[PDB]
Protein chains: 2
Amino acid sequence: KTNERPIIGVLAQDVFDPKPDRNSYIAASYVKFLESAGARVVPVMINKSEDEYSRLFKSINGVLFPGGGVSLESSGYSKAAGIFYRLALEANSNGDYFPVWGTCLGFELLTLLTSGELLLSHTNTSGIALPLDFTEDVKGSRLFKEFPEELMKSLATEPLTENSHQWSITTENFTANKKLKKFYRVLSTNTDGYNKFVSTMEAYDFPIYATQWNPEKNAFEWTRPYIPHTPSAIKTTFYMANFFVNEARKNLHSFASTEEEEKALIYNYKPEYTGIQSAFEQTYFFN
Amino acid sequence: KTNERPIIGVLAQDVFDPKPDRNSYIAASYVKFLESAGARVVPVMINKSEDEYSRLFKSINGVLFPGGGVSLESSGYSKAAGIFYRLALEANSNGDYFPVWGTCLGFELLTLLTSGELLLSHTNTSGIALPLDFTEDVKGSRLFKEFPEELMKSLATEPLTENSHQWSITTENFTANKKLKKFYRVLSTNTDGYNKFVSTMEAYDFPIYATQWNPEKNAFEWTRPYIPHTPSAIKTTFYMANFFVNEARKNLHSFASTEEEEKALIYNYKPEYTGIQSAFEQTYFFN
């Protein structure tokens with residue numbers, strides 16, 4: 001038994017200088033990422049009631065906490081992410097499979113959510129393309145099980161992952177945090193040459209997955225010299241997304257009606273061209 | 001040497017009962033289909049001068065002819081496609097590798113473009129999903145070369161390719177026409193009950209690839225039940241697009257300047273929500 005019309009939530013994030021109709025935003029590249037692996041998408045608004053969130057939670061099939069630069073502590077983004085985090089834990093312990101995906105800022109957010117602490121250090125990683133230095137524990141993993149061996153071989157030797165983060169969590173900080181060490185299997189590391197950090201991870205016991213890098217960018221973003229656009233990079237964003245959506249398909253939630261569905265989908269919104277100015281070709285702004 | 005920022009053309013087609021800002025249209029799933037394979041998109045307006053289809057041909061890196069139900073002889077569509085077809089032939093002859101893709105209507109139109117004759121029959125193929133009855137010659141084929149073997153088997157065995165076409169060419173009419181049979185290599189066939197048709201093909205001496213079915217829909221359209229949506233369906237839409245974009249990676253054309261490139265991209269346009277009603281979640285409408 002499965003759900004082959006999977007619908008996935010994407011978290012909006014506080015506009016730095018809000019104005020009506022600019023309160024939150026989602027980079028269109030996160031939408032393309034999930035659509036391309038066969039999902040439909042719901043933008044999750046920011047300053048909402050516990051209960052609207054739960055409703056929404058009960059309706060969708062997975063969440064993605066996307067990259068960015070807003071507060072991990074005081075932002076709307078961080079509130080909603082927390083609420084989705086615990087709802088997802090509960091539901092999963094109740095046989096109700098619900099996956100969470102954290103990209104960049106979302107990865108960081110998850111280290112905070114599960115550790116109860118802010119463990120970040122500065123890295124020289126604000127715009128660089130990097131292989132993955134895979135761990136022993138990779139042959140175990142879920143995330144990569146279905147990747148062509150040849151793609152795995154490329155991700156290890158070729159600059160295919162986009163890093164655009166000011167912050168990271170080092171190997172030592174991670175390994176030394178008791179809550180993290182037992183919650184997350186670490187699938188990959190990288191280094192800027194000084195600090196060594198966690199680049200990809202996945203919960204031992206939960207469908208929670210996170211990358212410090214931005215998979216979405218390879219296929220869908222074209223604004224910076226350091227975005228990977230080789231044939232293996234494009235295959236990277238596909239297989240990455242394909243796994244998370246293949247995870248959402250195990251979830252069996254669905255909306256109360258279908259008039260509710262149609263009213264909540266990304267189709268309902270129009271992005272703007274923001275590619276001359278920002279790192280994103282296209283962005284959805286919300287009230 | 002190759003081009004890692006490929007830009008592909010998709011042709012708009014005539015709107016049934018035109019209005020201003022409604023003279024032609026492109027379903028957004030053709031845009032998603034290319035972008036997800038790591039190409040940027042350029043919508044090619046409908047009733048324009050030759051010199052201009054030529055300034056466009058020279059700038060972009062391939063063309064796709066999207067499906068539809070519009071005249072194959074007197075449409076703004078077919079006049080434009082014909083011009084790109086001849087431009088593309090002449091460039092390949094001259095060492096300028098330039099690929100062309102024909103989907104459904106565009107497949108039907110290619111047959112007319114290369115034989116010079118309208119050779120189509122009615123088939124019962126409006127809204128049905130089918131595997132693909134491959135031919136002997138798929139084994140040495142270009143299009144299917146980089147596909148996983150498991151996927152080739154899933155495709156020969158499962159309702160993976162969606163079909164919403166009123167017409168097809170039978171194999172009989174294909175084999176019988178001398179130009180087609182010497183120009184195009186047949187990769188797959190289907191049948192509807194008493195009619196047996198060509199459903200996938202590529203050219204022997206030019207990078208021209210066509211499908212009678214619509215790969216794009218699997219991942220991006222949810223309006224209709226016959227649209228396949230299994231993990232294998234979803235892999236099929238990406239491998240198809242991936243091949244095409246890899247072909248465009250071999251063309252080295254560029255725009256005379258970045259402003260000129262920026263003005264031409266699908267980013268300048270906002271699609272309308274049309275999924276309540278139409279077969280298409282979102283559709284781009286042009287003046």
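Below, chains carry the letters A, B, ... as their sequence lines are ordered, and counting in each starts from 1.
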* To do: Give a yes-or-no answer on whether the side chains of B/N3 and B/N61 include a donor-acceptor pair shorter than 3.5 Å.
  => yes
* Check whether the ring centres of B/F285 and B/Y269 lie less than 6.0 Å apart, and answer yes or no. => no
* Asked: Centres of the A/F144 and A/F134 rings: under 6.0 Å?
  -> yes
* For the atom pair OG1 (B/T161) and CG (B/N214), what is the distance rounded to the nearest 0.5 Å? -> 9.5 Å
* Asked: Given a strict heavy-atom distance threshold of 4.5 Å, which part of A/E262 is in contact with chain B: side chain, backbone, both, or neither?
  -> both
* Can A/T125 and A/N163 be counted as having a side-chain donor-acceptor contact under 3.5 angstrom? -> no
* To do: Could you look at B/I276 and say if it's the side chain, the backbone, both or neither that has a heavy atom under 4.5 Å from chain A?
  => both
* Carboxylate-amine/guanidinium contact A/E202 A/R142, below 4.0 Å -> yes
* Would you please go through residues 229-240 of chain B and name the residues with a non-hydrogen atom below 4.5 Å from one of chain A, in numerical order? => B/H229, B/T230, B/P231, B/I234, B/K235, B/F238, B/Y239
* Structure fact -> Under 4.5 Å to a heavy atom of chain A? For B/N218 that would be neither
* Asked: Would you say the side-chain atoms of A/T283 and A/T274 include a donor-acceptor pair closer than 3.5 Å?
  -> no
* **Test salt bridge (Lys or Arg N to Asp or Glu O under 4.0 Å) applied to A/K139 - qualifying residues, sequence neighbours left out** => A/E136
* Asked: With no hydrogens and no angle check, do the side chains of B/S164 and B/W213 hold a donor and an acceptor under 3.5 Å apart?
  -> no
* To do: Please answer whether the main-chain N or O of A/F33 pairs with a side-chain N or O of A/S36 as donor and acceptor at a distance below 3.5 Å.
  => no
* Check each atom of B/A241 against the heavy atoms of chain A and say whether the ones under 4.5 Å are side chain, backbone, both or neither. => neither
* Pair B/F243 and B/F147, ring centroids less than 6.0 Å apart -> no
* State whether the side chain of B/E216 and the backbone N or O of B/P66 hold a donor-acceptor pair below 3.5 Å, judged by distance alone. => no
* Given that the side chain runs from C-beta out, which part of B/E4 has a heavy atom under 4.5 Å from chain A: side chain, backbone, both or neither? -> both
* To do: Please check if the side chain of A/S141 supplies one atom and the backbone of A/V138 the other of a donor-acceptor pair under 3.5 Å.
  => yes
* Among residues 20-30 of chain A, which ones touch chain B with a heavy-atom distance under 4.5 Å? -> none
* B/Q13 side chain to B/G67 backbone, donor-acceptor under 3.5 Å -> yes
* Report, by ascending residue number, the residues of residues 246-261 of chain B in heavy-atom contact with chain A at a distance under 4.5 Å; give 'none' if the set is empty. => B/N246, B/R249
* **CD (B/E146) with more than 12 external heavy atoms under 6.0 Å** => no
